[PDB]
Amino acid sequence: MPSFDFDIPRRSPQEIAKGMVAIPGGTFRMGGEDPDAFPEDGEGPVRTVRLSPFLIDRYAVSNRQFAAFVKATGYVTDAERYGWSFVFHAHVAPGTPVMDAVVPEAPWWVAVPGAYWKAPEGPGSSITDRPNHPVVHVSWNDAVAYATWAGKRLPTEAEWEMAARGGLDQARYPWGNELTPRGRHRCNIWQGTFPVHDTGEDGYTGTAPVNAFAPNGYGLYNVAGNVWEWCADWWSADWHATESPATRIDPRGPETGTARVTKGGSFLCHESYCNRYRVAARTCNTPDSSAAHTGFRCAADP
């Protein structure tokens, strides 16, 4: 937890819980066993995990909500402090300069000076037509800052995954095992040929409003696709392979690490590249980093 220069407004439990669903205490099977999963992701093993009851946001935190936080606190995000953030190449306007540097493994990501949550494609862009889209260009530090100010916290990975699974046992996606059941789109991911052309068959070639598509069985929206969502846990591909109370009862993840867990996949994910919009999928990013496809939702103790 970093240092914060704001204070926390007094709020009633009903105000905090608005927009949240109450997940009952219980067990669930976390993890996955897809043979094509990338070993370095540590999706396995599948294990029974017991969680205490918690609340979780039905929606990722929106631009309008993050703007309220910034209005109240003057909070300055990491992307503003560093002066740049990651934007998908095809979304940068031609007259907007970018840094000449490349992400070796993912050259479709460009570092854009001046890209941040209120200007998500760089200077000249805005969020005036996206108030109910998930806030992006928020680092893990920014996410924990908002959640703290909001009277909440980030979910653990296990809380995130229990809620995202929506009461189904070991299904592939939040809603079941078929990606487009009866040909209906259920999430905002990539269609077409990644990274060359997104056909937008699901309606969106960038972020969608936080209430797009149907909820899962617990009432959560866009747990799969739309934006990656920061979780509290440090990233490890093996800590959770241990079988102990620490890893199976309200697991908090490893005590140390270098990157924090992100869940759920994004509008950029595709079967032919990452296949990371399955509910067991997982990756990470370093806590000071920010990108146009990464946001968060909050959780809270009851």
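Start at 1 and count along the sequence shown; that's the residue number. So that the term is clear: the rigid core is the largest set of C-alpha atoms that superpose within 1.5 Å between two forms.
K.L.:
With everything overlaid on the rigid core, name the stretch, 186-194 or 102-110, whose CA atoms wander farther on average in 8 other deposited structures of this protein.
P.N.:
Between 186-194 and 102-110, greater C-alpha deviation in 8 other deposited structures of this protein belongs to 102-110.
K.L.:
Quick check: 176-184 versus 220-228, which has the larger average CA B-factor in the record?
P.N.:
The stretch with the larger mean CA B-factor is 176-184.
K.L.:
Is the mean CA B factor in the deposited entry higher across 155-163 or across 107-115?
P.N.:
Result: 107-115.
K.L.:
In this PDB entry, which of 37, 30, 259, 60 has the top CA B-factor?
P.N.:
Answer, based on the entry's C-alpha B-factors: 37.
K.L.:
Return the residue from 102, 208, 143, 189 that has the highest Cα B-factor in the entry.
P.N.:
Within the set 102, 208, 143, 189, 102 shows the top C-alpha B-factor.
K.L.:
If you rank every modelled residue in this chain by C-alpha B factor, which third holds residue 8: lowest, middle or highest?
P.N.:
Ranked within chain, residue 8 CA B lands in the highest tercile.
K.L.:
Once the chain's modelled residues are ordered by C-alpha B factor and cut into thirds, is residue 64 in the lowest, middle or highest one?
P.N.:
Residue 64: CA B-factor falls in the highest third of its chain.
K.L.:
Looking at the temperature factor on the CA atom of residue 300, which third of the chain's modelled residues does it land in?
P.N.:
As the PDB entry reports it, the C-alpha B-factor of residue 300 lands in the middle third of its chain.
K.L.:
Residue 149's Cα B-factor: lowest, middle or highest third of the chain?
P.N.:
Residue 149: CA B-factor falls in the middle third of its chain.
K.L.:
Using the B-factor values recorded in the entry, state whether the Cα atom of residue 46 falls in the lowest, middle or highest third among the modelled residues of its chain.
P.N.:
Highest third.
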